[PDB]
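> Based on what follows, work out the 3D shape:
(2 chains, ligands or ions: 6)
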There are 2 protein chains.
Amino acid sequence: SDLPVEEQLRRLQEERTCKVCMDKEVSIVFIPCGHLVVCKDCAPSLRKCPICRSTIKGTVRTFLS
Amino acid sequence: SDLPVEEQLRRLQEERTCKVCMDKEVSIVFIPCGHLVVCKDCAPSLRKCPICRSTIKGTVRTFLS
Ligand code: NA
Ligand code: NA
Ligand SMILES: [Zn+2]
Ligand SMILES: [Zn+2]
Ligand SMILES: [Zn+2]
Ligand SMILES: [Zn+2]
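Numbers count the residues shown, from 1 in each chain, chains lettered A, B, ... in the order given. Ligands and ions are numbered 1, 2, ... in the order given. And now the structure:
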């Protein structure tokens, strides 16, 4: 793709944005699933990953650069 | 911003793309710095993080979703 720019931009914004608050950017990696889908403010409120449903056993704070 | 879409798209592509191979997408988080800047193919060739310069002491495989 090969797809409209604003459509490509929307897809990247979406994958970089928190899946629970739809506001702040992702910054927490779940262990063991490895999803990067929530921000640091939202992570403590979760027992399980929003995407798959693995019970979060650890977390790593990450920075996109 | 408030900036041209193709410019916004370029910035997001760049932050999602490996900083060493400029090809595959980022998928490794460095420990302790927490940078997500390289792919899984490129990570083993590094002793230090490309962005800051922390000596990588561990890694977590992450998936953007
Ligand atoms: Na998990
Ligand atoms: Na590091
Ligand atoms: Zn959030
Ligand atoms: Zn998950
Ligand atoms: Zn790479
Ligand atoms: Zn670093």
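> In contact with the residue of chain A found nearest ligand 5, which residues are there?
In chain A, the residue that lies nearest ligand 5 is residue A:65 (14.2 Å; Cβ to the ion). The C-beta positions use only the backbone N, C-alpha and C, and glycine is treated the same way. The contact partners of residue A:65, taken as Cβ atoms under 8 Å, 6 or more residues apart in numbering or on different chains, are B:15, B:19, B:35-37, B:51.
> May I ask which of the residues you listed has the most neighbours?
residue B:36 (27 neighbours; other Cβ atoms under 10 Å in any protein chain shown).
> can you dump the C-alpha coordinates of the helix or strand hosting that one into CSV?
Assessed by DSSP states H and E, residue B:36 sits inside strand B:35-38. Taking C-alpha atoms only, strand B:35-38 is exported to CSV below (Å, rounded to 0.1, in the frame of the first residue of the first chain):
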residue,chain,number,x,y,z
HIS,B,35,14.2,2.4,23.4
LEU,B,36,12.2,0.7,20.7
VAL,B,37,14.4,1.5,17.7
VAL,B,38,15.5,-1.7,16.0
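> could you say what helices and strands that strand packs with?
Here strand B:35-38 touches strand A:63-64, strand B:28-31, going by 3 or more Cβ pairs under 8 Å, 6 or more residues apart in numbering or on different chains; DSSP states H and E.
> Which residues does the first one contact?
Strand A:63-64 is contacted from outside by A:16, A:25-27, B:15-16, B:26, B:34-36, using Cβ under 8 Å, 6+ apart.
> sorry, back to before: distance to ligand 1 added to the contacts of residue A:65, as TSV?
Formatted as TSV, those follow (distance: Cβ to the ion, whole Å):
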residue	distance to ligand 1
B:15	23
B:19	26
B:35	21
B:36	17
B:37	22
B:51	25
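> out of those residues, who's near ligand 6?
B:35, B:51 (Cβ under 5 Å from the ion).
> and chain A, which residues reach chain B?
With Cβ under 8 Å from any Cβ of the partner chain as the criterion, chain A comes near chain B at residues A:5-6, A:8-9, A:12-13, A:15-16, A:19, A:26, A:29, A:31, A:34-37, A:51, A:60-65.
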